[PDB]
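Trainee: The amino acid sequence is not available; the structure is as follows:
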Ligand SMILES: COc1ccc2nc(C)c(O[C@@H]3C[C@H]4C(=O)N[C@]5(C(=O)NS(=O)(=O)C6(C)CC6)C[C@H]5/C=C\CCCCC[C@H](NC(=O)OC5(C(F)(F)F)CCC5)C(=O)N4C3)nc2c1
Ligand SMILES: [Zn+2]
């Protein structure tokens with residue numbers, strides 16, 4: 001079956017807000033056909049397979065997500081199922097050509113230490129950068145709050161993309177792992 005856009009997250013100036021466009025019944029049927037006529041908008045898509053929901057982030061003209069969510073699946077589109085352009089399991093990274101109407105985030109060149117994880121609810125969670133692929137949460141959170149947010153963006157204060165959220169370190173989450181925008185460009 002195909003990955004399906006079921007909603008999205010829009011970044012408005014210094015804010016993010018979510019919208020739902022599809023429920024479980026529509027997700028299951030569109031996953032089967034791979035045919036999706038819904039208009040696309042936003043930098044972050046809420047995506048779903050038959051059985052898992054997660055996020056996808058547009059960067060550099062590619063809609064990126066995690067392999068552990070998408071597998072090798074196509075993504076539903078107005079012209080039917082679209083094959084992945086990029087698949088790297090070692091990076092836990094897949095990507096498809098970005099849908100017409102999504103807006104690509106700008107890769108960050110700030111070097112900032114303050115990062116902001118966007119969750120699937122448009123919650124913006126502060127994070128302290130610790131290198132290029134890890135971040136420490138300012139307040140620990142039950143991992144429940146972060147589940148379903150893989151493939152969403154870490155942003156810098158200016159709103160640029162720093163990386164794709166991959167996994168969380170926990171024992172309550174204390175830290176997060178993300179794929180740096182630099183690794184996406186190397187893949188590309
Ligand atoms: C099948 O072929 C594959 C190929 C490559 C691959 N690569 C990774 C790293 C992987 O890991 C899985 C899924 C990740 C996940 O849960 N991702 C988040 C998420 O939201 N997923 S999701 O959207 O709910 C879902 C599953 C898509 C629907 C974003 C978190 C939020 C909450 C975590 C809840 C407890 C989990 C804590 C765990 N911790 C961790 O693995 O930490 C490490 C670190 F210590 F950081 F190094 C990475 C290696 C160890 C974790 O994050 N995952 C476990 N599976 C695969 C599988
Ligand atoms: Zn920046």
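Mentor: Yep, it's here. Numbers count the residues shown, from 1 in each chain. Ligands and ions are numbered 1, 2, ... in the order given.
Trainee: which residue ranges form the strands in this structure?
Mentor: Along the chain, counting by DSSP state E, strands occupy 4-12, 15-20, 44-48, 53-59, 62-66, 86-88, 93-97, 114-118, 124-129, 134-141, 153-155, 161-170, 173-180.
Trainee: Now do the second one against strand 4-12, angle only.
Mentor: Counting by axes from the mean of the first three to the mean of the last three C-alpha atoms, to 10 degrees, strand 15-20 points 160 degrees away from the direction of strand 4-12.
Trainee: partner strands of strand 15-20, parallel or antiparallel?
Mentor: According to DSSP bridges, strand 15-20 forms sheet pairs with strand 4-12 (antiparallel).
Trainee: Tell me which residues of the longest helix along the chain come out buried.
Mentor: Longest helix of the chain, by residue count under DSSP state H: helix 24-33. Using 16 or more other C-beta atoms under 10 Å as the burial criterion, the residues of helix 24-33 that qualify are 27-28, 30-31. C-beta here means a position set from N, CA and C on the backbone, and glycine is covered the same way.
Trainee: ok, now stretch 42-57?
Mentor: Neighbour-count burial for stretch 42-57, with 16+ other C-beta under 10 Å as criterion, is recorded at 42-49, 53-57.
Trainee: Tabulate those in CSV, adding columns for distance to residue 186.
Mentor: Converted to CSV, the buried residues of stretch 42-57 look like this (distance: C-beta to C-beta, whole Å):
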residue, distance to residue 186
42, 26
43, 21
44, 22
45, 23
46, 27
47, 23
48, 28
49, 27
53, 28
54, 23
55, 22
56, 19
57, 17
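Trainee: Save those as JSON lines, and put in distance to ligand 2 too.
Mentor: As requested, the buried residues of stretch 42-57 are arranged in JSON lines below (distance: C-beta to the ion, whole Å):
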{"residue": "42", "distance to ligand 2": "19"}
{"residue": "43", "distance to ligand 2": "14"}
{"residue": "44", "distance to ligand 2": "17"}
{"residue": "45", "distance to ligand 2": "22"}
{"residue": "46", "distance to ligand 2": "24"}
{"residue": "47", "distance to ligand 2": "25"}
{"residue": "48", "distance to ligand 2": "30"}
{"residue": "49", "distance to ligand 2": "32"}
{"residue": "53", "distance to ligand 2": "28"}
{"residue": "54", "distance to ligand 2": "24"}
{"residue": "55", "distance to ligand 2": "20"}
{"residue": "56", "distance to ligand 2": "21"}
{"residue": "57", "distance to ligand 2": "15"}
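Trainee: If anything else comes up later, I'll come back, but that's it for now.
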